[PDB]
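Enquirer: Here you go, one structure.
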């Protein structure tokens, strides 16, 4: 093979020189400099330092605050949870793996990186499939009476977790295993070899069709059906008594989360596919590695988006720090939500 294969792994590098050992048992410092793996070791550490306290902050604020109860805040809390799963779970393995330069926990450590990432990566995706259908019913209106209430929020969150576990789990009972990637610090599904002992040429097609390409058509469909109804446009301080202005401000954030998804995943999906088509071709370590760790900023953007645009949530998380007794003058145009302050608006 152009790229070396293993019984339970695959190192993308030539072995005519005769240096390649198992990423589980041995290091991989022939793929790069002695301080090149320190990048990843410092990258994961400085990412987990900003991943945990933002996801835990989002978790602390959303549940403690009242007005934040629509499917908007349920699903984006589900993401904050799904993202915190990664920072504490899958990211800590690859931090400790990148600290040594190889999976010190064995082939089990490959799963910790490959399980939490594939799990959290799909909850990031299928959340947008729930949020895509939310725009479809309330805005485009096939059924004008129907609207996503609190019931469909939890069924949406429950729906996201079922799809993620139907992708991440199956690899662990004789199906396509997780194999180290590039510098062998990130660990993803074996699309590197036609390992027909465990259906590595077959099972890879399952995830790229069911757990990927269908969702993006669903999101481009709802974004596409909004060719007439709600195109990219703006409005003043309030509309429909501070309803449609705040509602359309969420519509931005719903179909902005798909924009950020496409930026922080296509790069991995393009390279991961490039290796399936070319099964064991002549490609280097850096070519594949960057994609993976680049893509491992999905445990931070969903919180950032949930904060940055939505002014309904901006004023909420600030109040938890000090705990005051009344709202600011600029406000949100629909009363700001706080722990012991004005989380209230009389409906009209």
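Numbering (the authors' numbering), first residue to last: 1 to 348. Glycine is no exception: its CB is placed at the ideal position from the N, C-alpha and C atoms.
Look at the Cβ atom of residue 282, then the Cβ atom of residue 2, and state whether they are nearer than 7 Å.
Expert: Residue numbering aside, residue 282 sits at position 282 when the chain shown is read from its first letter. Residue numbering aside, residue 2 sits at position 2 when the chain shown is read from its first letter. Yes, the Cβ-Cβ distance between residue 282 and residue 2 is below 7 Å.
Enquirer: Using only CA atoms, which one of 288, 207, 331 and 292 lies nearest to residue 246?
Expert: Locating residue 246 in the chain shown gives position 246, where the first residue counts as 1. Here the closest residue by C-alpha is 331.
Enquirer: Please classify residue 249: does DSSP put it in a helix, a strand, or coil?
Expert: Residue 249 sits at position 249 when you count from the first residue of the chain shown. Helix, per DSSP.
Enquirer: Which residue's Cα is closest to the Cα of residue 267: 99, 345 and 292?
Expert: Counted from its first residue, the chain shown places residue 267 at position 267. Selected option, being the one with the closest Cα: 292.
Enquirer: Restricting to Cα atoms, I'd like to know which of 240, 7 and 219 is closest to residue 254.
Expert: The sequence position of residue 254 within the chain shown is 254, counting from 1. Taking only the C-alpha atoms, the option nearest residue 254 is 219.
Enquirer: Let's see if you can read the secondary structure: which residues bound the beta strand (DSSP E) around residue 74?
Expert: Taking the first residue of the chain shown as position 1, residue 74 is located at position 74. Per DSSP, residue 74 belongs to no beta strand (DSSP E); it is in the alpha helix (DSSP H), 71 to 85.
Enquirer: Helix, strand or coil, according to DSSP, for residue 4 in the structure here?
Expert: In the chain shown, the residue the question calls residue 4 occupies position 4. DSSP places residue 4 in strand when its eight states are reduced to three.
Enquirer: Apart from the five residues just before and just after residue 119, which ones in its own chain have a Cβ nearer than 6 Å to its Cβ?
Expert: Residue 119 sits at position 119 when you count from the first residue of the chain shown. Answer for residue 119: 164 and 168, listed in chain order.
Enquirer: Identify, in the order they occur along the chain, each residue of the same chain with its Cβ nearer than 6 Å to the Cβ of residue 65, setting aside the five sequence neighbours on each side.
Expert: As a working mapping, residue 65 is identified with position 65 in the chain shown. 316 and 337.
Enquirer: I need the DSSP call for residue 316, collapsed to helix, strand or coil.
Expert: Translated into positions along the chain shown, residue 316 becomes position 316. Helix.
Enquirer: Give the secondary structure of residue 264 by DSSP, where H, G and I count as helix, E and B as strand, and everything else as coil.
Expert: Reading the chain shown from its first residue, position 264 is the one you call residue 264. If DSSP states are grouped into helix, strand and coil, residue 264 belongs with coil.
Enquirer: Determine the direct distance from the alpha carbon of residue 18 to that of residue 216, and round the result to whole angstroms.
Expert: Taking the first residue of the chain shown as position 1, residue 216 is located at position 216. Taking the first residue of the chain shown as position 1, residue 18 is located at position 18. Whole-angstrom Cα-Cα distance: 43 Å.
Enquirer: Residue 75 and residue 127: beta carbons closer than 7 Å?
Expert: The residue given as residue 75 occupies position 75 in the chain shown. The residue given as residue 127 occupies position 127 in the chain shown. The answer is yes: Cβ separation under 7 Å.
Enquirer: List, from N- to C-terminal side, the alpha helix (DSSP H) runs of 4 residues or more that fit wholly inside the stretch 277 to 306.
Expert: Entirely contained in the stretch 277 to 306, the alpha helix (DSSP H) runs reaching 4 residues are, in chain order, 285 to 295.
Enquirer: From which residue to which residue does the alpha helix (DSSP H) around residue 98 run?
Expert: Position 98 of the chain shown, counted from the first residue, corresponds to residue 98. Here the alpha helix (DSSP H) through residue 98 covers 91 to 100.
Enquirer: Between 85, 84 and 112, which lies nearest to residue 93 when the distance is taken from Cα to Cα?
Expert: Start at 1 with the first residue of the chain shown, and residue 93 comes out as number 93. For residue 93, the nearest C-alpha among the options comes from 112.
Enquirer: Ends of the beta strand (DSSP E) at residue 174?
Expert: For the purposes of this step, residue 174 is taken as the residue at position 174 of the chain shown. Taken as a continuous stretch (DSSP letters only), residue 174 belongs to no beta strand (DSSP E), as it is neither H nor E.
Enquirer: Measuring only the C-alpha atoms, how far is residue 301 from residue 81?
Expert: Residue numbering aside, residue 301 sits at position 301 when the chain shown is read from its first letter. Residue numbering aside, residue 81 sits at position 81 when the chain shown is read from its first letter. Their backbone Cα atoms lie some 13 Å apart in a straight line.
Enquirer: So, helix, strand or coil for residue 23, using DSSP?
Expert: Against the chain shown, residue 23 aligns to sequence position 23. Correct three-state label for residue 23: coil.
Enquirer: Determine contact between the stretch 49 to 63 and the stretch 83 to 98, defined as no fewer than three beta-carbon pairs at a distance below 8 Å.
Expert: Output reads yes: the stretch 83 to 98 touches the stretch 49 to 63.
Enquirer: Spatial neighbours of residue 116 within its chain, please: CB distance less than 7 Å, with the 5 preceding and 5 following residues excluded, ordered by chain position.
Expert: For this step, residue 116 is matched to residue 116 along the chain shown. Same-chain partners within the cutoff: 85, 86, 89 and 90.
Enquirer: Measuring from the CB of residue 342, is there a heavy atom of the ligand GDP at a distance below 6 Å?
Expert: By its list of ligands, the structure shown contains no ligand whatsoever, and the ligand GDP lies outside what it can speak to.
Enquirer: Between residue 71 and residue 313, what straight-line distance do the alpha-carbon atoms span, to the nearest angstrom?
Expert: In the chain shown, the residue the question calls residue 71 occupies position 71. In the chain shown, the residue the question calls residue 313 occupies position 313. Residue 71 and residue 313: Cα-Cα distance of roughly 14 Å.
Enquirer: Please give the ranges of any beta strand (DSSP E) in the stretch 102 to 143, keeping only runs that are unbroken, at least 3 residues long and fully inside the region.
Expert: The stretch 102 to 143 contains no whole beta strand (DSSP E) run of 3 or more residues.
Enquirer: Under 7 Å, do residue 178 and residue 114 count as touching if we go by C-beta distance?
Expert: The residue you call residue 178 lines up with position 178 of the chain shown. The residue you call residue 114 lines up with position 114 of the chain shown. Yes, they are a contact pair.
Enquirer: Could you give the DSSP three-state label for residue 51: helix, strand or coil?
Expert: As a working mapping, residue 51 is identified with position 51 in the chain shown. The answer is helix: DSSP assigns residue 51 an H, G or I state.
Enquirer: How many whole angstroms separate the CB atoms of residue 352 and residue 135, which I take to be in contact at a CB cut-off of 8 Å?
Expert: Outside the displayed span of the chain (1 to 348) sits residue 352, for which this structure offers no information.
Enquirer: Hey, would you say residue 251 sits closer than 7 Å to residue 333, going by beta carbons?
Expert: Position 251 of the chain shown holds residue 251. Position 333 of the chain shown holds residue 333. For residue 251 and residue 333, no; Cβs fall outside 7 Å.
Enquirer: Given a threshold of 16 other Cβ atoms within 10 Å of its Cβ, counted over all protein chains shown, does residue 195 qualify as buried or as exposed?
Expert: Numbered from 1 along the chain shown, position 195 holds the residue referred to as residue 195. With 16 or more Cβ atoms within 10 Å of its Cβ, residue 195 is classed as buried.
Enquirer: Name, in chain order, the residues that DSSP records as bridge partners for residue 178.
Expert: One-based indexing of the chain shown puts residue 178 at position 178. The partner list for residue 178 (beta bridge, DSSP) reads 189.
Enquirer: In whole angstroms, give me the CA-to-CA distance for residue 207 and residue 197.
Expert: As a working note, residue 207 is residue 207 in the chain shown. As a working note, residue 197 is residue 197 in the chain shown. Rounded to whole angstroms, residue 207 to residue 197 spans 18 Å at the Cα level.
Enquirer: Report the option in 100, 67 and 150 whose CA atom is closest to the CA atom of residue 344.
Expert: Numbered from its first residue, the chain shown carries residue 344 at position 344. Ranking 100, 67 and 150 by Cα distance to residue 344 puts 67 first.
Enquirer: So for residue 223, helix, strand or coil by DSSP?
Expert: Counted from its first residue, the chain shown places residue 223 at position 223. Residue 223 falls in the helix class under three-state DSSP.
Enquirer: Express the C-alpha separation of residue 15 and residue 275 in angstroms, rounding to a whole number.
Expert: Sequence index remark: in the chain shown, residue 275 carries index 275 (1-based). Sequence index remark: in the chain shown, residue 15 carries index 15 (1-based). Taking the straight line from one Cα to the other gives about 18 Å.
Enquirer: Starting from the C-beta of residue 140, find all residues in its chain whose C-beta is less than 8 Å away, skip the five residues before and the five after it, and write them out in chain order.
Expert: Position 140 of the chain shown, counted from the start, is the residue given in the question as residue 140. Within the same chain, residue 140 has close Cβ partners 222, 225, 226 and 229.
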